[PDB]
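Both ligands and their constituent atoms are indexed starting at 1 by order of listing. When reading the values below, keep in mind they use all heavy atoms of this one structure, side chains included, and skip hydrogens, waters and symmetry mates. When a residue number appears, it is its place in the shown sequence, counting from 1.
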Amino acid sequence: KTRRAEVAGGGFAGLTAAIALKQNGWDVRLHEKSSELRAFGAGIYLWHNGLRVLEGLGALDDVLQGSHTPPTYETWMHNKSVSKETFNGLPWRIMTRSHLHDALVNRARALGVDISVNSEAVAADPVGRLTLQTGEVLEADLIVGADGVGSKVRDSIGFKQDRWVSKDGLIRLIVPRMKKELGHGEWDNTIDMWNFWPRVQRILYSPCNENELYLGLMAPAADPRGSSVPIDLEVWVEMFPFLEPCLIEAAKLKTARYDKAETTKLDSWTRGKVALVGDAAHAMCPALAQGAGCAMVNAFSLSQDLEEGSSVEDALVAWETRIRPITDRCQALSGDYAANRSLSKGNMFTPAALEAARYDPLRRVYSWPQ
Ligand SMILES: Cc1cc2nc3c(=O)[nH]c(=O)nc-3n(C[C@H](O)[C@H](O)[C@H](O)COP(=O)(O)OP(=O)(O)OC[C@H]3O[C@@H](n4cnc5c(N)ncnc54)[C@H](O)[C@@H]3O)c2cc1C
């Protein structure tokens, strides 16, 4: 009768998988290691592909209300605008991480997904067992490893992988828009503000709504001023003086952290009844803003393959075969862009860069052609 899924991880990948499975009539239980349900990273972009997953999950309206689509995606090199991109209408959106995480949480609770906090997966067995840190062993028809880049569900089984960490990172914060204090300009835009001279510092400027601005402040990890948290106000204001009012607000934040991106690429995403989804399987460089989009699409697509009449084992193989190449291509191009600083040139959201974004998981076609 009722098939049972056990989901490890309460981030975007696990919440998506749980809602999608619960909508399809699975009895789903989700285990989050932290003692509360929360998302870190300040703010996030979604594109059409992820917005369509939110549509599929019945969470799109709660996300659109209180989030923002800029008039254009603008790039600056040394304070000179080099490009303005609108992607031929392809939907996209900027929001805080808690905004998106709360909508997914509220939808999971509305459907009756069983959520356990302080509940950490430490091992999984392909025969359909999940072991928690308490020792408790759970049996199920499907085990979803949505437990992030340091996945114990993945590493307890052993998956061949390439896993590494970027040299440099950034500080991500949410501050008031301060729109009046910013004065004349195009302050509803996304503005990716690059500089190599006098020093390597960059700010990704990302309005989330009329009240909240997501800033990503990026400097080399070896720069002891640019990499400091709480931020070293003077070194940011010096290169970004037109954002002083916002930077003053950022400088007050105690909760800011300098984070380096970590990636993982595996040969396989499945082992018997175990599927790995999201960062657990395919964490990637930040450049195309698609790590959570691909997580959500992959989690949603897993639920679709499980509706085919097949064994869970054969549905997982079919899932990875069908959907993985979109993520593999997206991760490769993002890695290339990050390492080569390619977004600094502007006009880099090409049709190939935009592939993952254009994919509609609901109809399983590419839309929004370029
Ligand atoms: C600098 C940067 C900027 C980014 N910007 C974007 C962007 O704009 N748009 C985009 O789509 N993506 C972006 N990403 C990618 C995005 O942050 C991740 O790809 C996405 O959060 C992955 O979601 P997830 O559910 O797989 O993993 P996570 O978000 O890591 O969630 C995993 C959850 O599992 C919990 N957990 C961990 N281990 C266990 C365990 N063993 N048992 C149970 N629970 C566990 C964790 O507490 C967490 O709650 C960005 C990433 C970086 C580094």
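Side-chain N/O atoms of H99 and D62 include no donor and acceptor closer than 3.5 Å.
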Working note: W47 + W368, criterion ring-ring contact (aromatic ring centres under 6.0 Å, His included); need CA distance, chi angles, decisive distance, verdict. CA-CA 11 Å; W47 306 73; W368 299 105; over 10 Å; no

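Qualifying ring-ring contact (aromatic ring centres under 6.0 Å, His included) partners for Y205, counting only residues two or more places apart in sequence or in other chains: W187.
Protein residues having a heavy atom under 4.0 Å from any atom of ligand 1 are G9, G10, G11, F12, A13, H31, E32, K33, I44, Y45, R97, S119, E120, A121, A146, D147, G148, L170, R172, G278, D279, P286, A289, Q290, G291, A292, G293, listed by chain and number.
Close placement of the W92 and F87 rings is indicated, their centers lying within 6.0 Å of each other. Taking the six-membered ring for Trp and the full ring otherwise, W76 and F240 have centroids separated by 6.0 Å or more.
Taken from OG in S119 to CG in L30, the straight-line distance is 9.0 Å, to the nearest 0.5 Å.
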